[PDB]
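Contents: one structure, followed by commentary.
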Amino acid sequence: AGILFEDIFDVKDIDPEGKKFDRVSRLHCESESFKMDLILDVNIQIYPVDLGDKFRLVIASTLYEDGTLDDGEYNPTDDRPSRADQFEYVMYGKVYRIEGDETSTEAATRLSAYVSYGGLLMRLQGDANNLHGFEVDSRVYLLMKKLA
Amino acid sequence: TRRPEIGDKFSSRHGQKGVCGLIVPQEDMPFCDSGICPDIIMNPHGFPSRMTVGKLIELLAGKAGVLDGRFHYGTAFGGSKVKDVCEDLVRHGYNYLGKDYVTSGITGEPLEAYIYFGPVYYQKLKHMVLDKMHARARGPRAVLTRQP
Amino acid sequence: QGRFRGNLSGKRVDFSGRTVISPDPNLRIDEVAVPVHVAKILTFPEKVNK
Amino acid sequence: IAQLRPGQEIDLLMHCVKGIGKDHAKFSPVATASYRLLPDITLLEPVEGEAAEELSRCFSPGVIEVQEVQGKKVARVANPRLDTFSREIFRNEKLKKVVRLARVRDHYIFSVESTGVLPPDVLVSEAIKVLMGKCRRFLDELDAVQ
Amino acid sequence: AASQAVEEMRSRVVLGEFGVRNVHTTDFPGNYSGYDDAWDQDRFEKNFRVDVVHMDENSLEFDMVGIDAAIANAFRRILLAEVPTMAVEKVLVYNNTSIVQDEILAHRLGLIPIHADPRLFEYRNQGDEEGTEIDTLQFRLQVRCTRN
Amino acid sequence: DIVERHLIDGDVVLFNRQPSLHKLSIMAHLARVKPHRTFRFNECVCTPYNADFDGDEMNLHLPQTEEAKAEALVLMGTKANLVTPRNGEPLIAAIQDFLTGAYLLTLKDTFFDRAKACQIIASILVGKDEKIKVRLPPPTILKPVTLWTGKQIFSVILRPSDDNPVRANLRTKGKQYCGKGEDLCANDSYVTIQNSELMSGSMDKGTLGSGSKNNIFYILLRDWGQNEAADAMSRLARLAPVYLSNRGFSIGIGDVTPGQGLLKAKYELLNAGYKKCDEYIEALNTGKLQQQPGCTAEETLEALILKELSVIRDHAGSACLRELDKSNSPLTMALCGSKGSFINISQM
Amino acid sequence: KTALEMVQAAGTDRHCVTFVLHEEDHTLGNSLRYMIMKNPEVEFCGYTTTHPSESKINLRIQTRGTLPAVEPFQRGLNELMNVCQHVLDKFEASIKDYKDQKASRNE
Amino acid sequence: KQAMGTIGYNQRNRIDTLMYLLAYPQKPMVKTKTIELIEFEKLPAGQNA
Amino acid sequence: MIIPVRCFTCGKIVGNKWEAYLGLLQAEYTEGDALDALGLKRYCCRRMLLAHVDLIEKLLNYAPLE
Amino acid sequence: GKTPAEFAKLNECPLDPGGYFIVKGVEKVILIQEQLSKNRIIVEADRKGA
RNA sequence: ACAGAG
Ligand SMILES: [Zn+2]
């Protein structure tokens, strides 16, 4: 595998401060299996997300499950079996800031990871044991499938 | 007989003076559905700082006027109102605020924003670059001080 | 208009020109377009060497 | 051309030559040549009643027809080609949400008005050959280099 | 649905209240998930049709279906700028005594359209002030005004 | 022998507006000969000269000596004079239609497919950039559609080829920052440029313009050298017109027309404010007025009236800006700071 | 005289080259770019006018694999020519069909 | 005051130090009442663009 | 001075409509009916006749003659 | 008191305002001069504040 | 000596 993180997320709010943009919506989500809160921008024109939807979000280091990190360039035209065939939405971006929780003065374990998908931001916040394998200046694939 | 070139000063009856900066062919102008392309393209950036709202109304009153054979009055503290000319434009099938669906002449694809289109009175000013270009290499000198 | 201000501290100079200015964004910021009519007049003395 | 008074005289001699319109605008053969994509105004919900009349006045005078089906007025799109898109359906507050003003992308409606030099069916045929001629010229230079 | 939104996005220019959307052309290979947008001459020759809807003296309206903006705009630009015609370039004036200035009269006579078929004539060479049978026509205007 | 040749491309030539208030009013430029009669220069250099292209005239001087070329080129060159001597702030930077085009490009709503990404980027491939391999970045969105977010296209200004060494870094507050987001703000107004890639935030006057520091061209100047700043400015001057002229950007009478939500609010404010003034009129002429300390009773009345009348403008002003939509062209120019202000919008 | 000049990118063995189409403007540029972008072996394609005073366009092509960019460019010219050949045959058929119908009516 | 236009009806029989004329002048499409009092729309200075 | 031969914006020949336009205004058409009867659909052509001043009809009095 | 048909014999324009002289062939206007009213008691402050 | 222009 080349998976960093994987969990099922439930959408809890769609626009906290109003609809600032047409195509983009700021999804605030919470995970069942782990206590992870998720901020995520998605293009809601190509992929529409509703306030009750439940989706599976995998973050992966490589899009080919055989664990070959060979990415000189990404060719859209090329067709081979990959991980994206199982998922509806895919984004490519870079982890750019790992930051500690400020809200407790002692004995804390929550971490924030920030990923930017060309300006579509993600904050993934949770226990340090679940965010393992994130490093600054690393490039990750988000993958996302809605569940019935 | 002089034809307008780069550097010739034109003005527009509201203090929006401006020198000619580029002359582009008819094939490169943006064009409406009816085939009209502008004689002059004016930059929108002049209006916010200068608040020449009267130019914006003159364009609208004139457009509603040419379409029905009227001269609309622009008299101080009076004149033809926006509410009257808006109803003239929609009767002739144009948008009530003069904005039109404009196609790019370079790419052929349509422009995203609607573009304001109308007839604005433009007056040519006496200041022409041909009467102002000057160069000296060496030449005649004064008699008292032997300097140019 | 006396000697010290008008003719000594500042003075009329040759190899000089003046024209209306107009924009051109396709030039670099270190460049200026000079018209051919000024360029044919404003000469520079190039010393001949190898 | 001119206008005279007695004793005044004009005598001259003209030389007509061939040129393209990129050189000077007196050579262009068209009054205007343009195109527009074709409208397909579609009704998302059925508009009945006296809202059918005010939907037929937010458009050009021949596109929305109001028809009686049971002694009741229902509106349908009839000829969306004649629409000029004045966007009057957005001044109305109740009917912004029942229409989808659009344009078919791959369907153009050319309008070529000639000035009289040669008729416009020959103008389009000549215009297509010019683009064929531009492609032919650079194929010759790829052959000349290689 | 995501698929219904994709189909609108690649086939309809939609007009909003504040701006047009889906303006660009997108049917290129690798822009979409399952679609095969590579060039296929047989698919072009099948879909393309031309319908002439109106024609009379000096006017023509016709529909092209299945061609792209990048080629329809080429036809628009050739008709404006690159289809040749015959027009006056030189005026040889003998005894002009009218109030109309000679430079203005020559400009007016230039803009008169001449019925000569331009395919039968060649381009006049560089220089060559006289010209010949192959590449020039000649007109003579001569008017004397007198009292009745 | 001495040959008095014509002025040719690459001559060092002095260029000067007639009133000079500082040293940057006269700078040295490399000449290029062009057919039309005017002098022409890139509009990023309008701010040092205080030039405005409304029939303005400028002077040109041709130094007649090799020693005068070198002093002009090394000391007075524009690339050596990007910052004013006074406070050390950049003056050669982006201006109107290079700030507005950059702002609209870097907004979160912009997505480009491969054909339009290439056609915006290919504009920069002119001049000395004609030999570089263009480095189209990987797309952001992959599975439903292949989209490039407009921030990536902007980053091609800062690093246009794989061999270019520039690694710019910037982290600053934008103009319309809410103050609590810390890169998660709702306005998308916090700027991060990490390794010459724009990770968040739109580009305002405060990041691409001449006002002050925290400017990415100032970062390039201080961290990578003069030539890198001058290249990026030439790329922005070339790229942003190609976007903006094919997006369309226009102002109309419908962009300054008061909606019904304001006309009710304005009527309430005028009636309330005038009636509060009328009571203080009565309290001066025919009663007690609480005379403020240090002023006479008449003067105390002027400061109360000016208080009421300021409240009317500010409350009516903050009512119009809440009912304006986005893509209102004065509001875009006010937000990015390219021209105008929220006073001007509220005033018209 | 020559209307075409090829300018290879400095590091790249013929897969990146800029084509200076002389005596041209947006008319050929945008149409030819469209046919080249329809080829799945092209990575980047786009044109710029060097200056409004200059009738040049710098058409850049970059290809994915090992193939030289001359081959997409030549295929681009040929397919555009075949499109314009087919557009003409359809147009002239519809004009003749319209004239024949109009002459067959009211007679 | 500086706009090119038409001095008057005697402008062709008039010899002056310097005179500017516009070839095809047009009268304003939007006009004041003051324009009608001074008769500016008889010898106008400008063109509708 | 005299009616321009072509419309500035599109190049339709409006220079032959002038002697007709004045004639129709003697038959008491309105301006907006007179331009519609001559074929001036687009408003850029309409302003050629609507905004024109016939100066040459008045300069030609002062002009010298036998 | 002439009619517009008789201005044409004099080569003059009916709309020409007059109000000016012709002296040695140049048209010269006496401008309106603004003045203070004589025979009026000004009451004003001196430089020294008296 | 006056009027302009920035
Ligand atoms: Zn016209």
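Each chain of the structure tokens is named A, B, ... in the order shown, its residues numbered from 1; ligands are numbered from 1 in display order.
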For stretch 40-49 of chain B, work out the shell of residues within 6 Å, counting only C-alpha atoms (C1' of nucleotides) and skipping chain neighbours fewer than 3 positions away, then give it as number ranges by chain. B: 52; F: 250-251, 340
Residues near residue D:12, cut-off 9 Å, only C-alpha atoms (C1' of nucleotides), skip fewer than 3 positions along chain, as a PyMOL selection string: chain E and resi 91-96+139-142
Could I get the residue neighbourhood of ligand 1 at 7 Å, counting only C-alpha atoms (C1' of nucleotides) and all ligand atoms, as JSON, numbers by chain? {"I": [7, 8, 9, 10, 11, 12, 42, 43, 44, 45]}
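Among the residues of stretch 22-125 of chain B, backbone DSSP assigns strand (DSSP E) to residues 72, 73, 99, 100, 115, 116, 121, 122, 123 and 124 of chain B.
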Within 10 Å of stretch 280-290 of chain F using only C-alpha atoms (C1' of nucleotides), minus same-chain residues under 6 positions, as a VMD selection string: chain F and resid 297 to 298 300 to 302 304 to 305
Separation of atom CA of residue F:306 and atom CA of residue F:334, in Å?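 So the answer is 26.3 Å.
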If you count only C-alpha atoms (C1' of nucleotides), which residues fall within 7 Å of residue C:31, apart from same-chain ones fewer than 6 positions away, as a PDB file with N, CA, C and O atoms, in the first residue's frame?
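Written file, part35.pdb:
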ATOM      1  N   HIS F  29      17.223  53.653 -19.205  1.00  0.00           N
ATOM      2  CA  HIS F  29      16.532  52.556 -19.852  1.00  0.00           C
ATOM      3  C   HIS F  29      17.310  52.120 -21.079  1.00  0.00           C
ATOM      4  O   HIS F  29      18.020  52.913 -21.697  1.00  0.00           O
ATOM      5  N   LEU F  30      17.181  50.846 -21.419  1.00  0.00           N
ATOM      6  CA  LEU F  30      17.721  50.335 -22.667  1.00  0.00           C
ATOM      7  C   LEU F  30      16.755  50.656 -23.802  1.00  0.00           C
ATOM      8  O   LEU F  30      15.588  50.259 -23.761  1.00  0.00           O
ATOM      9  N   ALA F  31      17.238  51.370 -24.809  1.00  0.00           N
ATOM     10  CA  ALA F  31      16.408  51.742 -25.942  1.00  0.00           C
ATOM     11  C   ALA F  31      16.079  50.543 -26.817  1.00  0.00           C
ATOM     12  O   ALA F  31      16.896  49.639 -26.989  1.00  0.00           O
ATOM     13  N   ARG F  32      14.867  50.543 -27.372  1.00  0.00           N
ATOM     14  CA  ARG F  32      14.496  49.672 -28.479  1.00  0.00           C
ATOM     15  C   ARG F  32      13.723  50.491 -29.501  1.00  0.00           C
ATOM     16  O   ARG F  32      12.795  51.208 -29.131  1.00  0.00           O
ATOM     17  N   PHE F  41       6.717  52.681 -22.475  1.00  0.00           N
ATOM     18  CA  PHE F  41       7.329  51.914 -21.402  1.00  0.00           C
ATOM     19  C   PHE F  41       6.254  51.126 -20.671  1.00  0.00           C
ATOM     20  O   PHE F  41       5.066  51.442 -20.751  1.00  0.00           O
TER      21      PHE F  41
END
Shell of 7 Å around stretch 14-25 of chain C, only C-alpha atoms (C1' of nucleotides), local chain residues under 4 positions omitted, as a ChimeraX atom specification: /B:7,21,129,132-138,148 /C:42 /F:38-43,53,55-62,237-238
Could you write out that same residue set with N, CA, C and O atoms as an mmCIF file, in the first residue's frame?
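In the end it all went to out_38.cif:
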data_model
loop_
_atom_site.group_PDB
_atom_site.id
_atom_site.type_symbol
_atom_site.label_atom_id
_atom_site.label_comp_id
_atom_site.auth_asym_id
_atom_site.auth_seq_id
_atom_site.Cartn_x
_atom_site.Cartn_y
_atom_site.Cartn_z
ATOM 1 N N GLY B 7 -0.827 58.154 -29.566
ATOM 2 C CA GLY B 7 -0.448 59.425 -29.005
ATOM 3 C C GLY B 7 -1.340 60.605 -29.309
ATOM 4 O O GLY B 7 -0.989 61.724 -28.928
ATOM 5 N N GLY B 21 -3.747 54.559 -27.221
ATOM 6 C CA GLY B 21 -2.689 53.662 -26.801
ATOM 7 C C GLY B 21 -2.413 52.484 -27.702
ATOM 8 O O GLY B 21 -1.295 51.969 -27.716
ATOM 9 N N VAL B 129 0.540 64.223 -31.520
ATOM 10 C CA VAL B 129 1.935 63.854 -31.301
ATOM 11 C C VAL B 129 2.819 64.322 -32.456
ATOM 12 O O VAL B 129 4.011 64.595 -32.259
ATOM 13 N N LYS B 132 4.320 67.533 -31.817
ATOM 14 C CA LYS B 132 5.021 67.599 -30.542
ATOM 15 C C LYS B 132 6.300 66.787 -30.465
ATOM 16 O O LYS B 132 7.070 66.996 -29.525
ATOM 17 N N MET B 133 6.534 65.853 -31.378
ATOM 18 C CA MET B 133 7.777 65.097 -31.381
ATOM 19 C C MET B 133 8.938 66.002 -31.768
ATOM 20 O O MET B 133 8.840 66.784 -32.716
ATOM 21 N N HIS B 134 10.027 65.912 -31.015
ATOM 22 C CA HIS B 134 11.140 66.835 -31.139
ATOM 23 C C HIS B 134 12.438 66.114 -30.819
ATOM 24 O O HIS B 134 12.487 65.317 -29.882
ATOM 25 N N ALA B 135 13.485 66.390 -31.590
ATOM 26 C CA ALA B 135 14.801 65.851 -31.289
ATOM 27 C C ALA B 135 15.870 66.808 -31.791
ATOM 28 O O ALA B 135 15.730 67.405 -32.860
ATOM 29 N N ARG B 136 16.939 66.938 -31.012
ATOM 30 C CA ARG B 136 18.115 67.724 -31.363
ATOM 31 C C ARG B 136 19.365 66.881 -31.197
ATOM 32 O O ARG B 136 19.559 66.279 -30.144
ATOM 33 N N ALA B 137 20.210 66.823 -32.225
ATOM 34 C CA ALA B 137 21.518 66.170 -32.086
ATOM 35 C C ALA B 137 22.574 67.204 -31.718
ATOM 36 O O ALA B 137 23.088 67.215 -30.596
ATOM 37 N N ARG B 138 22.908 68.070 -32.666
ATOM 38 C CA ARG B 138 23.542 69.348 -32.403
ATOM 39 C C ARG B 138 22.974 70.328 -33.411
ATOM 40 O O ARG B 138 22.472 69.936 -34.466
ATOM 41 N N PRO B 148 22.571 75.768 -26.426
ATOM 42 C CA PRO B 148 21.435 75.633 -27.355
ATOM 43 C C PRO B 148 20.245 76.572 -27.160
ATOM 44 O O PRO B 148 19.973 77.060 -26.064
ATOM 45 N N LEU C 42 19.307 61.333 -32.878
ATOM 46 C CA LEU C 42 20.151 61.144 -31.700
ATOM 47 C C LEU C 42 21.245 60.125 -31.982
ATOM 48 O O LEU C 42 21.013 58.918 -31.950
ATOM 49 N N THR F 38 5.358 57.846 -30.377
ATOM 50 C CA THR F 38 5.441 58.054 -28.935
ATOM 51 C C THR F 38 6.604 57.303 -28.278
ATOM 52 O O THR F 38 7.113 56.309 -28.800
ATOM 53 N N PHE F 39 7.017 57.796 -27.105
ATOM 54 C CA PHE F 39 7.820 57.015 -26.168
ATOM 55 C C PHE F 39 6.922 56.053 -25.415
ATOM 56 O O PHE F 39 5.805 56.399 -25.032
ATOM 57 N N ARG F 40 7.398 54.830 -25.218
ATOM 58 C CA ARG F 40 6.586 53.778 -24.623
ATOM 59 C C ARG F 40 7.370 52.990 -23.592
ATOM 60 O O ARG F 40 8.534 52.656 -23.811
ATOM 61 N N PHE F 41 6.717 52.681 -22.475
ATOM 62 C CA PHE F 41 7.329 51.914 -21.402
ATOM 63 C C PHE F 41 6.254 51.126 -20.671
ATOM 64 O O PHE F 41 5.066 51.442 -20.751
ATOM 65 N N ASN F 42 6.690 50.091 -19.957
ATOM 66 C CA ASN F 42 5.777 49.221 -19.227
ATOM 67 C C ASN F 42 5.191 49.975 -18.040
ATOM 68 O O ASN F 42 5.903 50.690 -17.331
ATOM 69 N N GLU F 43 3.878 49.835 -17.848
ATOM 70 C CA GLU F 43 3.102 50.634 -16.905
ATOM 71 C C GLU F 43 3.459 50.393 -15.443
ATOM 72 O O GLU F 43 3.032 51.178 -14.593
ATOM 73 N N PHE F 53 -0.406 58.947 -18.826
ATOM 74 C CA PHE F 53 -0.797 58.718 -20.233
ATOM 75 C C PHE F 53 -2.030 59.505 -20.679
ATOM 76 O O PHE F 53 -2.906 58.979 -21.362
ATOM 77 N N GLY F 55 -1.825 62.481 -22.505
ATOM 78 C CA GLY F 55 -1.134 63.513 -23.250
ATOM 79 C C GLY F 55 0.089 64.031 -22.544
ATOM 80 O O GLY F 55 0.562 65.126 -22.852
ATOM 81 N N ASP F 56 0.596 63.269 -21.587
ATOM 82 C CA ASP F 56 1.821 63.574 -20.870
ATOM 83 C C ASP F 56 3.024 63.526 -21.807
ATOM 84 O O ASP F 56 3.057 62.747 -22.758
ATOM 85 N N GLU F 57 4.022 64.362 -21.530
ATOM 86 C CA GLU F 57 5.268 64.375 -22.283
ATOM 87 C C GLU F 57 6.428 64.038 -21.362
ATOM 88 O O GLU F 57 6.406 64.370 -20.177
ATOM 89 N N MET F 58 7.449 63.382 -21.909
ATOM 90 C CA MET F 58 8.638 63.062 -21.138
ATOM 91 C C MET F 58 9.878 63.335 -21.972
ATOM 92 O O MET F 58 9.842 63.327 -23.201
ATOM 93 N N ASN F 59 10.976 63.587 -21.276
ATOM 94 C CA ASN F 59 12.246 63.956 -21.876
ATOM 95 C C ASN F 59 13.168 62.755 -21.990
ATOM 96 O O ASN F 59 13.107 61.826 -21.183
ATOM 97 N N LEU F 60 14.040 62.789 -22.988
ATOM 98 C CA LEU F 60 15.001 61.724 -23.216
ATOM 99 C C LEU F 60 16.382 62.332 -23.397
ATOM 100 O O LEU F 60 16.519 63.334 -24.092
ATOM 101 N N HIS F 61 17.404 61.758 -22.761
ATOM 102 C CA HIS F 61 18.772 62.224 -22.958
ATOM 103 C C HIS F 61 19.662 61.044 -23.308
ATOM 104 O O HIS F 61 19.594 59.999 -22.659
ATOM 105 N N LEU F 62 20.501 61.220 -24.321
ATOM 106 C CA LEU F 62 21.436 60.218 -24.811
ATOM 107 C C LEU F 62 22.852 60.550 -24.354
ATOM 108 O O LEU F 62 23.471 61.468 -24.911
ATOM 109 N N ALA F 237 2.993 41.345 -16.310
ATOM 110 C CA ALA F 237 2.521 42.323 -17.285
ATOM 111 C C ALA F 237 2.075 41.674 -18.584
ATOM 112 O O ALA F 237 1.261 42.244 -19.315
ATOM 113 N N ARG F 238 2.609 40.504 -18.899
ATOM 114 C CA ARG F 238 2.243 39.753 -20.090
ATOM 115 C C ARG F 238 1.087 38.785 -19.867
ATOM 116 O O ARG F 238 0.262 38.602 -20.766
#
For chain G, list the residues within 12 Å of chain C, counting only C-alpha atoms, and write the list as a VMD selection string. chain G and resid 48 to 54
